[PDB]
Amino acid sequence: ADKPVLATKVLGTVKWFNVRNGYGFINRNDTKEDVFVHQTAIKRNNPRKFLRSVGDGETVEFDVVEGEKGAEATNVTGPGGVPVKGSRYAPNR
């Protein structure tokens, strides 16, 4: 869980996230490239949802690490470290 750090505190827009499969892609607002995001990377989840998720089109803040199969998001939160909004496909508690 110690993967090299390529960039820190990057702002991105969730392109899409699939709750069933537990991954999606965030598009970096600076470079407009996609970054793979797994459901385990989400640090400050929506407290009203049990499952970890981000929702399509949501603004998120994160670090980029060199993952096992490419660049990966980690430490994903809302802007300024607030909880994410979560996917509308992730059920509320």
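Position 1 is the first residue in the sequence shown; the rest follow in order.
Across the other compared structures of the same protein with both neighbouring residues present, residue 48 lacks coordinates in at least a third.
Just going by the entry, 7 to 15 versus 67 to 75 on mean CA temperature factor gives the higher value to 67 to 75. Compared with the other modelled residues of the chain, the Cα B-factor recorded for residue 36 ranks in the middle third. In the deposited entry, the Cα temperature factor of residue 51 places it in the highest third of its chain's modelled residues. For residue 83, the recorded CA B-factor ranks within the lowest third of the chain. Only modelled residues enter the ranking.
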